[PDB]
Every structure is written in C-alpha cells, then in structure tokens.
Protein chains: 2
Amino acid sequence: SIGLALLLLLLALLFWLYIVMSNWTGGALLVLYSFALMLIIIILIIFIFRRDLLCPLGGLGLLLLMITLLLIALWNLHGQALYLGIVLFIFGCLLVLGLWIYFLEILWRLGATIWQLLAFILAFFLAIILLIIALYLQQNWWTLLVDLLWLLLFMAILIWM
Amino acid sequence: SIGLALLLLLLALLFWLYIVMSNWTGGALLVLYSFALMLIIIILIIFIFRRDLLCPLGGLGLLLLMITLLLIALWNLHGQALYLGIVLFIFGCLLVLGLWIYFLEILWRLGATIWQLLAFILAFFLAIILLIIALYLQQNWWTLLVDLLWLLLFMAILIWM
C-alpha cells in the first residue's frame with residue numbers, strides 16, 4: 001500500500017528528471033510530457049499523504065492529466081477535427097475551473113481568511129500563466145522551474161489543506 | 001466523490017473516443033496517447049468501484065501510465081540518451097512484472113484454480129502483445145479494439161477478484 005506508493009514516488013522523480021534534462025530540442029510537447037509526469041507525481045504524493053483530499057484535489061490532478069493528454073493529442077493535429085478538439089478542451093477547462101471552485105468552497109468552510117483565498121487564486125493563475133510561458137518559451141531550464149513551482153504550489157495546498 | 005468520479009469517467013470516455021478517432025494518419029504515437037487515456041479510465045473505474053484494489057491494482061495503472069508516458073520521450077529522441085531511456089524503461093518493466101507477481105500471490109490466497117491462475121498470465125501477455133502489434137498496424141481501428149480489449153481484461157479482474 002504505502003510501501004509501493006513510496007516506491008513509485010521514489011521512481012517518479014527518476015523519470016521526470018530524465019524527461020526534462022534530455023531532448024534539449026524537443027519542442028512544445030516535451031514541456032507537456034513533463035507537466036503530465038508532474039501531475040502523476042502530485043497524485044502519488046496526495047495518495048501517500050492525507051488521502052481524504054483525493055476527491056477535491058486528487059481529481060484535480062487526474063483531470064489536468066486528462067486535459068494535458070488531450071492537448072498533446074490535438075497539438076500536431078490541424079484541420080477540421082481541431083474545432084471539435086478545442087471545444088472539448090473548453091468543456092474540460094470549464095470542469096477543472098468548477099472543481100477548483102468546489103475546492104475553494106470547501107476550504108472557505110474551514111476558517112480560511114479572504115486574503116488566503118485570494119492568494120490561492122493568484123497562485124493558481126500564476127501557475128497557469130507560467131505553464132503557458134513554458135509552452136511559448138520552449139527552453140528546458142524554464143520547464144524544470146515551472147514544474148518545480150507547480151509541485152511546490154500543490155505541496156503548500158496540501159500543507160494548508 | 002462517486003458523482004464526481006463518474007463525471008470524469010464520462011468525460012474521460014469522450015476524450016478517448018475523440019482522440020482515437022481524430023488522427024487517421026498518425027499511427028505511431030496516437031496508439032500511445034489512446035492507451036494512456038485508457039489507463040486513466042481503468043483507474044477511474046477502480047476508484048468508482050471497490051477501492052480495496054487501489055493499492056494492488058491502481059498502482060499498476062499508475063506504473064503503466066508512467067511507462068506509456070516515458071515511451072513517447074524515448075520515441076522522438078534518437079541520441080545517446082535513448083540508451084538511458086531504455087535502461088529506465090526496462091527498470092520499470094522489471095517492476096511491473098514484480099507487481100503482477102504480487103497480484104498473483106493475492107489472487108492465489110483468495111482462492112483460484114491452476115487453470116484460472118495461468119489464465120490471467122495468458123491474458124496479460126496477449127494484451128501486451130496486441131498493444132505491441134497495434135504500434136505496427138498504425139490504423140485507428142486496431143488500436144480501438146486493443147484498448148477495448150485492455151478495458152475488458154481489467155474489468156474481468158475486478159469482477160473475478
């Protein structure tokens with residue numbers, strides 16, 4: 001149970017490091033792969049730590065993994081099918097925003113001040129903007145930094161539950 | 001929890017059904033993308049159905065996702081780092097076999113005949129061989145069938161314990 005989850009987590013950082021460091025001329029897909037593997041690492045960490053957060057927070061990671069797999073699939077695609085892929089990713093983004101709103105609603109019920117909630121919104125939006133920057137600025141040293149920042153953000157969310 | 005996880009499963013099925021039937025010319029990595037989404041569906045099924053299999057079998061889903069997401073990183077890359085990628089891949093494949101052995105032990109201790117013990121070994125080997133073949137048959141109708149076969153195999157496990 002916990003032992004195997006730790007074994008994968010100690011193996012998790014042995015893959016993401018390899019993906020990020022290698023293939024210096026990968027492109028916009030390498031950063032997406034690294035972000036997906038960060039989502040897997042986050043899910044593993046949530047499973048190892050307090051497991052009561054799987055529904056509001058682990059589901060966030062799984063749905064982000066689904067969205068970033070859809071984005072990988074429709075990245076190189078170009079044509080008529082792209083309109084049915086973007087609109088589907090739009091429904092995915094709406095649902096991830098709804099899940100984040102639900103998480104904030106259940107956090108607001110646990111005595112969180114308004115400034116803390118605003119800080120969480122700002123941190124999530126900064127994380128999304130930094131991921132977009134990593135998509136545009138395809139340099140590898142920035143993908144590493146944005147993935148570490150995402151891990152720190154989710155670790156802080158876990159710590160402040 | 002159940003309602004949200006069912007909602008993701010409905011969205012994950014739509015994502016997978018769109019992705020498998022989108023790129024009719026890309027038939028080397030689209031199989032990997034569809035197989036990576038199908039492991040998400042299997043994990044969602046496990047999380048909606050009996051959760052006691054999350055530790056033995058959900059970890060298998062996470063490991064299969066990790067391997068099938070590292071496989072793309074090996075794919076496009078063709079430099080010296082591909083050898084390190086193969087080393088990591090065979091290190092994860094030597095652990096997925098161990099996890100399968102561990103699942104075999106708990107299946108035996110729960111009560112299973114010799115015919116049913118080697119039946120799942122044959123099923124798993126057939127499924128992985130069919131996945132390997134699907135990498136060669138780049139059509140999007142063989143990969144859909146092999147993905148549904150994998151779902152059927154991983155659904156016949158939770159039914160038969």
# chains A, B, ... in the order shown; residues from 1 in each chain; ligands from 1
call {"tool": "calpha_fit_rmsd", "arguments": {"fixed": "chain A", "moving": "chain B"}}
result
0.5 Å
call {"tool": "closest_atom_pairs", "arguments": {"of": "chain A", "to": "chain B", "cutoff": "9 Å", "atoms": "only C-alpha atoms", "output": "CSV"}}
result
residue,atom,partner,partner_atom,distance
A:1,CA,B:55,CA,4.9
A:2,CA,B:55,CA,8.0
A:4,CA,B:59,CA,7.5
A:5,CA,B:59,CA,7.1
A:8,CA,B:63,CA,7.4
A:11,CA,B:92,CA,8.6
A:12,CA,B:66,CA,8.0
A:14,CA,B:88,CA,8.3
A:15,CA,B:70,CA,7.2
A:16,CA,B:70,CA,8.6
A:18,CA,B:85,CA,7.8
A:19,CA,B:73,CA,6.4
A:22,CA,B:81,CA,6.6
A:23,CA,B:77,CA,6.2
A:26,CA,B:77,CA,7.8
A:30,CA,B:73,CA,7.5
A:33,CA,B:69,CA,7.1
A:36,CA,B:69,CA,8.2
A:37,CA,B:66,CA,7.4
A:40,CA,B:62,CA,7.6
A:44,CA,B:62,CA,8.5
A:54,CA,B:1,CA,8.7
A:55,CA,B:1,CA,5.5
A:56,CA,B:1,CA,8.2
A:59,CA,B:5,CA,7.6
A:62,CA,B:40,CA,7.8
A:63,CA,B:8,CA,7.2
A:65,CA,B:40,CA,8.7
A:66,CA,B:12,CA,7.0
A:67,CA,B:15,CA,8.6
A:69,CA,B:33,CA,7.0
A:70,CA,B:15,CA,6.8
A:72,CA,B:33,CA,8.2
A:73,CA,B:19,CA,6.6
A:74,CA,B:19,CA,7.9
A:77,CA,B:23,CA,6.9
A:81,CA,B:22,CA,6.4
A:82,CA,B:22,CA,8.7
A:84,CA,B:18,CA,8.4
A:85,CA,B:18,CA,7.8
A:88,CA,B:15,CA,7.7
A:89,CA,B:15,CA,8.8
A:92,CA,B:11,CA,7.9
call {"tool": "select_by_dssp", "arguments": {"residues": "stretch 5-75 of chain A", "states": "alpha helix (DSSP H)", "output": "number ranges by chain"}}
result
A: 5-21, 28-48, 59-75
call {"tool": "residues_around", "arguments": {"residues": "stretch 141-151 of chain A", "least_positions_apart": "5", "cutoff": "8 Å", "atoms": "only C-alpha atoms", "output": "list in words"}}
result
residues 20, 31, 34, 35, 38, 42, 127, 130, 131 and 134 of chain A
call {"tool": "atom_distance", "arguments": {"atom1": "atom CA of residue A:6", "atom2": "atom CA of residue B:71"}}
result
22.1 Å
call {"tool": "closest_residue", "arguments": {"among": "B:94, B:113, B:154, B:136", "to": "residue B:39", "atoms": "only C-alpha atoms"}}
result
B:154
call {"tool": "atom_distance", "arguments": {"atom1": "atom CA of residue B:51", "atom2": "atom CA of residue A:52"}}
result
13.3 Å
call {"tool": "decode", "arguments": {"residues": "stretch 90-121 of chain B", "atoms": "N, CA, C and O atoms", "output": "PDB file, in the first residue's frame"}}
result
ATOM      1  N   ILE B  90      13.331  -0.555 -19.058  1.00  0.00           N
ATOM      2  CA  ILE B  90      13.470  -1.940 -18.613  1.00  0.00           C
ATOM      3  C   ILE B  90      13.561  -2.051 -17.102  1.00  0.00           C
ATOM      4  O   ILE B  90      13.276  -3.123 -16.554  1.00  0.00           O
ATOM      5  N   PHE B  91      13.947  -0.979 -16.410  1.00  0.00           N
ATOM      6  CA  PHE B  91      13.862  -0.960 -14.958  1.00  0.00           C
ATOM      7  C   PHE B  91      12.424  -0.869 -14.470  1.00  0.00           C
ATOM      8  O   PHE B  91      12.088  -1.460 -13.437  1.00  0.00           O
ATOM      9  N   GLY B  92      11.572  -0.135 -15.189  1.00  0.00           N
ATOM     10  CA  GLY B  92      10.158  -0.112 -14.854  1.00  0.00           C
ATOM     11  C   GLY B  92       9.413  -1.358 -15.286  1.00  0.00           C
ATOM     12  O   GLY B  92       8.449  -1.767 -14.630  1.00  0.00           O
ATOM     13  N   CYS B  93       9.845  -1.982 -16.382  1.00  0.00           N
ATOM     14  CA  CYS B  93       9.224  -3.215 -16.845  1.00  0.00           C
ATOM     15  C   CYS B  93       9.597  -4.412 -15.982  1.00  0.00           C
ATOM     16  O   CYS B  93       8.831  -5.378 -15.923  1.00  0.00           O
ATOM     17  N   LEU B  94      10.750  -4.376 -15.322  1.00  0.00           N
ATOM     18  CA  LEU B  94      11.103  -5.403 -14.355  1.00  0.00           C
ATOM     19  C   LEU B  94      10.378  -5.222 -13.031  1.00  0.00           C
ATOM     20  O   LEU B  94      10.358  -6.150 -12.217  1.00  0.00           O
ATOM     21  N   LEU B  95       9.783  -4.052 -12.801  1.00  0.00           N
ATOM     22  CA  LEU B  95       8.972  -3.803 -11.617  1.00  0.00           C
ATOM     23  C   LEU B  95       7.492  -4.042 -11.865  1.00  0.00           C
ATOM     24  O   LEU B  95       6.777  -4.455 -10.945  1.00  0.00           O
ATOM     25  N   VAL B  96       7.016  -3.797 -13.088  1.00  0.00           N
ATOM     26  CA  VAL B  96       5.630  -4.127 -13.411  1.00  0.00           C
ATOM     27  C   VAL B  96       5.418  -5.635 -13.354  1.00  0.00           C
ATOM     28  O   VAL B  96       4.359  -6.105 -12.918  1.00  0.00           O
ATOM     29  N   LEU B  97       6.421  -6.418 -13.758  1.00  0.00           N
ATOM     30  CA  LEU B  97       6.331  -7.867 -13.628  1.00  0.00           C
ATOM     31  C   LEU B  97       6.293  -8.292 -12.165  1.00  0.00           C
ATOM     32  O   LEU B  97       5.545  -9.206 -11.799  1.00  0.00           O
ATOM     33  N   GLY B  98       7.088  -7.639 -11.316  1.00  0.00           N
ATOM     34  CA  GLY B  98       7.031  -7.933  -9.894  1.00  0.00           C
ATOM     35  C   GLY B  98       5.683  -7.598  -9.285  1.00  0.00           C
ATOM     36  O   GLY B  98       5.166  -8.342  -8.448  1.00  0.00           O
ATOM     37  N   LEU B  99       5.100  -6.470  -9.690  1.00  0.00           N
ATOM     38  CA  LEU B  99       3.771  -6.117  -9.201  1.00  0.00           C
ATOM     39  C   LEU B  99       2.733  -7.123  -9.681  1.00  0.00           C
ATOM     40  O   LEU B  99       1.800  -7.465  -8.945  1.00  0.00           O
ATOM     41  N   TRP B 100       2.876  -7.607 -10.916  1.00  0.00           N
ATOM     42  CA  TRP B 100       1.978  -8.645 -11.411  1.00  0.00           C
ATOM     43  C   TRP B 100       2.126  -9.928 -10.602  1.00  0.00           C
ATOM     44  O   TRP B 100       1.136 -10.609 -10.315  1.00  0.00           O
ATOM     45  N   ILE B 101       3.359 -10.272 -10.220  1.00  0.00           N
ATOM     46  CA  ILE B 101       3.582 -11.437  -9.364  1.00  0.00           C
ATOM     47  C   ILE B 101       2.918 -11.240  -8.005  1.00  0.00           C
ATOM     48  O   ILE B 101       2.303 -12.162  -7.451  1.00  0.00           O
ATOM     49  N   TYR B 102       3.045 -10.037  -7.441  1.00  0.00           N
ATOM     50  CA  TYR B 102       2.413  -9.742  -6.159  1.00  0.00           C
ATOM     51  C   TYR B 102       0.898  -9.870  -6.254  1.00  0.00           C
ATOM     52  O   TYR B 102       0.252 -10.403  -5.343  1.00  0.00           O
ATOM     53  N   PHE B 103       0.313  -9.381  -7.348  1.00  0.00           N
ATOM     54  CA  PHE B 103      -1.119  -9.561  -7.565  1.00  0.00           C
ATOM     55  C   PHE B 103      -1.473 -11.034  -7.722  1.00  0.00           C
ATOM     56  O   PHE B 103      -2.538 -11.469  -7.267  1.00  0.00           O
ATOM     57  N   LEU B 104      -0.597 -11.813  -8.361  1.00  0.00           N
ATOM     58  CA  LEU B 104      -0.820 -13.250  -8.477  1.00  0.00           C
ATOM     59  C   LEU B 104      -0.886 -13.907  -7.107  1.00  0.00           C
ATOM     60  O   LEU B 104      -1.717 -14.793  -6.873  1.00  0.00           O
ATOM     61  N   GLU B 105       0.007 -13.508  -6.200  1.00  0.00           N
ATOM     62  CA  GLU B 105       0.010 -14.105  -4.867  1.00  0.00           C
ATOM     63  C   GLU B 105      -1.301 -13.842  -4.136  1.00  0.00           C
ATOM     64  O   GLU B 105      -1.879 -14.758  -3.537  1.00  0.00           O
ATOM     65  N   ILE B 106      -1.799 -12.603  -4.185  1.00  0.00           N
ATOM     66  CA  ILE B 106      -3.047 -12.292  -3.502  1.00  0.00           C
ATOM     67  C   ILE B 106      -4.245 -12.903  -4.216  1.00  0.00           C
ATOM     68  O   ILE B 106      -5.268 -13.169  -3.576  1.00  0.00           O
ATOM     69  N   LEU B 107      -4.154 -13.135  -5.527  1.00  0.00           N
ATOM     70  CA  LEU B 107      -5.210 -13.873  -6.210  1.00  0.00           C
ATOM     71  C   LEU B 107      -5.229 -15.337  -5.798  1.00  0.00           C
ATOM     72  O   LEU B 107      -6.306 -15.921  -5.641  1.00  0.00           O
ATOM     73  N   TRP B 108      -4.052 -15.940  -5.623  1.00  0.00           N
ATOM     74  CA  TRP B 108      -3.972 -17.323  -5.169  1.00  0.00           C
ATOM     75  C   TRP B 108      -4.487 -17.466  -3.743  1.00  0.00           C
ATOM     76  O   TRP B 108      -5.254 -18.388  -3.442  1.00  0.00           O
ATOM     77  N   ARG B 109      -4.083 -16.558  -2.852  1.00  0.00           N
ATOM     78  CA  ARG B 109      -4.523 -16.641  -1.464  1.00  0.00           C
ATOM     79  C   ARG B 109      -6.016 -16.382  -1.304  1.00  0.00           C
ATOM     80  O   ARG B 109      -6.592 -16.780  -0.287  1.00  0.00           O
ATOM     81  N   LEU B 110      -6.655 -15.730  -2.275  1.00  0.00           N
ATOM     82  CA  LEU B 110      -8.100 -15.540  -2.220  1.00  0.00           C
ATOM     83  C   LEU B 110      -8.874 -16.714  -2.803  1.00  0.00           C
ATOM     84  O   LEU B 110     -10.105 -16.734  -2.700  1.00  0.00           O
ATOM     85  N   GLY B 111      -8.193 -17.683  -3.409  1.00  0.00           N
ATOM     86  CA  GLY B 111      -8.858 -18.852  -3.947  1.00  0.00           C
ATOM     87  C   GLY B 111      -8.973 -18.840  -5.457  1.00  0.00           C
ATOM     88  O   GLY B 111      -9.855 -18.181  -6.015  1.00  0.00           O
ATOM     89  N   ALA B 112      -8.089 -19.574  -6.130  1.00  0.00           N
ATOM     90  CA  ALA B 112      -8.103 -19.640  -7.585  1.00  0.00           C
ATOM     91  C   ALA B 112      -7.478 -20.954  -8.022  1.00  0.00           C
ATOM     92  O   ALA B 112      -6.479 -21.389  -7.442  1.00  0.00           O
ATOM     93  N   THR B 113      -8.066 -21.578  -9.038  1.00  0.00           N
ATOM     94  CA  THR B 113      -7.548 -22.835  -9.548  1.00  0.00           C
ATOM     95  C   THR B 113      -6.292 -22.593 -10.381  1.00  0.00           C
ATOM     96  O   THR B 113      -5.939 -21.459 -10.717  1.00  0.00           O
ATOM     97  N   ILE B 114      -5.608 -23.690 -10.714  1.00  0.00           N
ATOM     98  CA  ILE B 114      -4.421 -23.590 -11.558  1.00  0.00           C
ATOM     99  C   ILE B 114      -4.789 -23.095 -12.949  1.00  0.00           C
ATOM    100  O   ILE B 114      -4.022 -22.353 -13.574  1.00  0.00           O
ATOM    101  N   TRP B 115      -5.960 -23.490 -13.457  1.00  0.00           N
ATOM    102  CA  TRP B 115      -6.395 -23.009 -14.764  1.00  0.00           C
ATOM    103  C   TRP B 115      -6.639 -21.506 -14.744  1.00  0.00           C
ATOM    104  O   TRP B 115      -6.260 -20.797 -15.683  1.00  0.00           O
ATOM    105  N   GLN B 116      -7.266 -20.999 -13.683  1.00  0.00           N
ATOM    106  CA  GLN B 116      -7.517 -19.571 -13.550  1.00  0.00           C
ATOM    107  C   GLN B 116      -6.271 -18.781 -13.178  1.00  0.00           C
ATOM    108  O   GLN B 116      -6.220 -17.575 -13.444  1.00  0.00           O
ATOM    109  N   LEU B 117      -5.272 -19.421 -12.570  1.00  0.00           N
ATOM    110  CA  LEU B 117      -4.032 -18.734 -12.235  1.00  0.00           C
ATOM    111  C   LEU B 117      -3.216 -18.392 -13.474  1.00  0.00           C
ATOM    112  O   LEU B 117      -2.730 -17.264 -13.605  1.00  0.00           O
ATOM    113  N   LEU B 118      -3.060 -19.346 -14.391  1.00  0.00           N
ATOM    114  CA  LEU B 118      -2.350 -19.110 -15.640  1.00  0.00           C
ATOM    115  C   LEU B 118      -3.225 -18.469 -16.706  1.00  0.00           C
ATOM    116  O   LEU B 118      -2.700 -18.035 -17.736  1.00  0.00           O
ATOM    117  N   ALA B 119      -4.541 -18.409 -16.492  1.00  0.00           N
ATOM    118  CA  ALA B 119      -5.411 -17.732 -17.447  1.00  0.00           C
ATOM    119  C   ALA B 119      -5.108 -16.241 -17.504  1.00  0.00           C
ATOM    120  O   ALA B 119      -5.056 -15.652 -18.590  1.00  0.00           O
ATOM    121  N   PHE B 120      -4.898 -15.613 -16.346  1.00  0.00           N
ATOM    122  CA  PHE B 120      -4.624 -14.181 -16.336  1.00  0.00           C
ATOM    123  C   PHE B 120      -3.226 -13.868 -16.850  1.00  0.00           C
ATOM    124  O   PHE B 120      -3.015 -12.805 -17.440  1.00  0.00           O
ATOM    125  N   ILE B 121      -2.265 -14.772 -16.653  1.00  0.00           N
ATOM    126  CA  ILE B 121      -0.945 -14.588 -17.255  1.00  0.00           C
ATOM    127  C   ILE B 121      -1.062 -14.564 -18.773  1.00  0.00           C
ATOM    128  O   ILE B 121      -0.503 -13.689 -19.449  1.00  0.00           O
TER     129      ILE B 121
END
